[PDB]
Amino acid sequence: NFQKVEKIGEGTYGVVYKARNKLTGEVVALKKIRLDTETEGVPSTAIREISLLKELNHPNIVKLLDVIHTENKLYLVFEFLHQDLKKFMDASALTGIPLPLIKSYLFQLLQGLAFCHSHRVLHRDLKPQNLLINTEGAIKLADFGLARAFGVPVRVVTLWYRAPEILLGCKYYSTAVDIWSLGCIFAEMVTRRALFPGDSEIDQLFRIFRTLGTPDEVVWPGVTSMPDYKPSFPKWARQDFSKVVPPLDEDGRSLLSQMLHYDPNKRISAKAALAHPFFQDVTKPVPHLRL
Ligand SMILES: O=C(Nc1ncnc2[nH]cnc12)c1cccs1
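Residues numbered from 1 in each chain as written, not as in the entry; some residues may be left out. Heavy atoms only, no water.

In its metadata, the entry names X-ray crystallography as the structure determination method and reports 1.60 Å as the resolution.

A few points about the overall build of the protein
Test applied: Helix numbering and strand numbering both begin at the N terminus, where a helix is a DSSP run of H or I of at least 4 residues and a strand a DSSP run of E of at least 2. The globule rule is 2.2 Å times the number of residues to the power 0.38, and the radius of gyration it is compared with is taken over C-alpha atoms. Buried means the residue's accessible area, taken with a 1.4 Å probe over protein chains only, is under 20% of the maximum for its type, while exposed means over 50%, and partly exposed covers the values in between. All accessibility values rest on the Shrake-Rupley procedure with a 1.4 Å probe; residue burial counts only the protein chains present in the view. Note that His is not counted, nor are the chain ends; the positive residues are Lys and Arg, and the negative ones are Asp and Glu. For this purpose, a charge sits on NZ of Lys, CZ of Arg, CG of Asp or CD of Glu.
When helices and strands are counted, the protein shows 10 helices and 8 strands. A globule of 291 residues ought to have a C-alpha radius of gyration of about 19 Å, and the protein, at 19 Å, matches this closely. Overall, the protein is about 60 × 45 × 30 Å in size when its C-alpha atoms are taken along their principal axes. Here the protein holds 291 residues, and 50% of them are scored as buried. By element, 51% of the accessible surface of the protein is carried by carbon and sulfur atoms, the whole surface being about 14900 Å². For the protein, the distance from the average site of its 37 positive side-chain charges to the average site of its 31 negative ones is 2 Å.

Here's the deal with the pairing of strand β5 (residues 73–79)
Regular strands place their side chains on alternate faces of the sheet. Convention followed: For two strands to be treated as a pair, DSSP must find no fewer than two bridges joining them.
The buried count for β5 comes to 5 of 7 residues, which makes it a mostly enclosed element. Pairing of strand β4 (residues 64–70) with β5 involves 6 bridges; the strand directions are antiparallel. Note that in β5 the partner of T70 across the bridge is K73. Count of turn residues in the β4/β5 antiparallel hairpin: 2 residues, of which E71 carries a positive phi of about 50°.

Some remarks on the nonpolar core
The cut-off we apply is this: For our purposes a nonpolar core is just a set of buried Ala, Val, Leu, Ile, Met, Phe, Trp, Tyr and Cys residues, chained together by side-chain atoms within 4.5 Å. The domain boundaries here were taken from an automatic or database domain assignment. Contacts between residues were defined by any pair of non-hydrogen atoms, one from each residue, lying within 4.5 Å.
If you look at the biggest cluster of nonpolar residues, it comprises 84 residues, and the most contacted ones within it are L85, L106, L110, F186, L255 and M259. Broken down by element, the residue count for this core peaks at 10 residues, all from helix α6 (residues 176–191). Among the domains, domain 1 (1–82) and domain 2 (83–289) are the pair contributing at least three residues each to this core. Sequence-distant contacts of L110, defined by excluding residues within four places in its chain, comprise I179, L182, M259, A270, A273, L274 and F279.

Here we look at the pairing of strand β3 (residues 27–32)
Pairing geometry for strand β2 (residues 15–21) and β3, over 5 bridges, is antiparallel. Opposite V16, over in β3, you have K31 as the bridge partner. Connecting β2 to the antiparallel partner β3 that follows it, the hairpin turn spans 5 residues, and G25 within it adopts a positive phi of roughly 70°. The sheet contact formed by β3 and β5 spans 5 bridges and is antiparallel. What sits directly across from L30, in β5, is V77.

This is the structure:
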């Protein structure tokens, strides 16, 4: 029922094609979901989880158009967008993305997050490659909720945006994990360099600690009892944000600090972040996009 137009890439869960729906003419992103058994068919809890996502609709969430479970295989049909934030950042490297556009994108992403989180759905794997942009100035979160439905594999899956509680082996993390990832992405928009580009779980942890300080029981009650916490972690002091994300203004640096609080219970929520004075002068610029 779908004509493949071209291969978009290898996604987190399998190959993704730009395709045309033969009975509506709609152009879509068609995602084949890799079965690990392949042979046993689609686990039923995955189908039920994914089916729930068909209802979690918001303008800043890439729309799940259809779920097709046939021949004991799984395909997801998503709304197609022409650019991603990773590609847009690479393109804007000389000049950087203008503040007003960073601000608009951050605000839109926080709306999408606050919607999802109010329904107790997390993303868990936000990263620039899953932040998609249209010609209208919109940015939208892709693959929302797929991590809970299918798992997140090691394969390399980037660790750069992973929250510290996940890295310390917490099993029962919260919506705070997405706020951490979006804070990382905010910082990368501003500086044009990834904030914490680890190449292993411990390198990721120690890059975080080198910037934000090694966490202790003062800033994060309970941290020393986390599964993968080690008393022998090096004890680094915290750096100034003014060093970390120049030339971001005081309001941005305030917001960023709250999004990168170690204690997930103290980390700002998406709802609260929408109220932050950083967004007092937010607008919706139209991006400069060549397709
Ligand atoms: O799926 C990807 N990119 C995508 N590109 C256009 N529209 C999409 N809607 C949902 N995902 C989309 C991937 C990018 C790189 C690998 S897969």
